[PDB]
């Protein structure tokens, strides 16, 4: 069946709006918080969606991947292909992964734009020194202590987005305020009516 027919039966608000909102950023930058609140926002506004994150991907589909650069590349590649299917199905697919390599984020975008599906890269941008100081899950302490090897920002590279569709300054917005900025982008791009 065609995408337009999907858009008729997916959700109450007519129109096909499948797409992928690709969050990227350091550990503790707020990706989980923003993605969960974005999901709540969309559902409350009648827009079916689904979130892919480390919790539901790296314990399942990607349980056989570590954090070597090669495994992060394959992690993101698989996530991009799954997000493309969710977008093709008519859902707003929100992805919440560190995704530290420019090439793999751009490969994820190419998979979508080849299939003529919208792809929005959102750089969840908090300074590393802020993420370390808050250390919301204690991970940065263990990384400095050597108990987690190759942790992004400490012993593994994060390549900052140079051309995201949106930059979220999460040391300066509360959850709902950063969500409002994502909603504005989705309205501009005719995802959210």
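Positions refer to the first chain, counted from 1.
Entry-level comparison of average CA B-factors, 63-71 and 138-146, reporting the higher stretch: The stretch with the larger mean CA B-factor is 138-146.
Between 104-112 and 86-94, which has the higher average C-alpha B-factor in the PDB entry? Of 86-94 and 104-112, the stretch with the higher C-alpha B-factor average is 104-112.
Residue with highest C-alpha B-factor in the PDB entry, from 125, 53, 162, 165: Comparing C-alpha B-factors across 125, 53, 162, 165, the top value belongs to 162.
Quick check for you: using the entry's CA B-factors within this chain, is residue 173 in the lowest, middle or highest third? Tercile = highest for this residue's CA B-factor.
Which third, lowest, middle or highest, does the C-alpha temperature factor of residue 37 belong to within its own chain? Its C-alpha B-factor belongs to the middle third of this chain's values.
Where does residue 21 sit by CA temperature factor within its chain: lowest, middle or highest third? Within its chain, residue 21 is a lowest-third residue by C-alpha B-factor, going by the deposited values.
Chain third (lowest, middle, highest) by recorded CA B-factor, residue given as residue 183: Residue 183: CA B-factor falls in the lowest third of its chain.
Could you say whether, by C-alpha temperature factor, residue 131 belongs to the lowest, middle or highest third of its chain? Middle third of the chain for residue 131's C-alpha B-factor.
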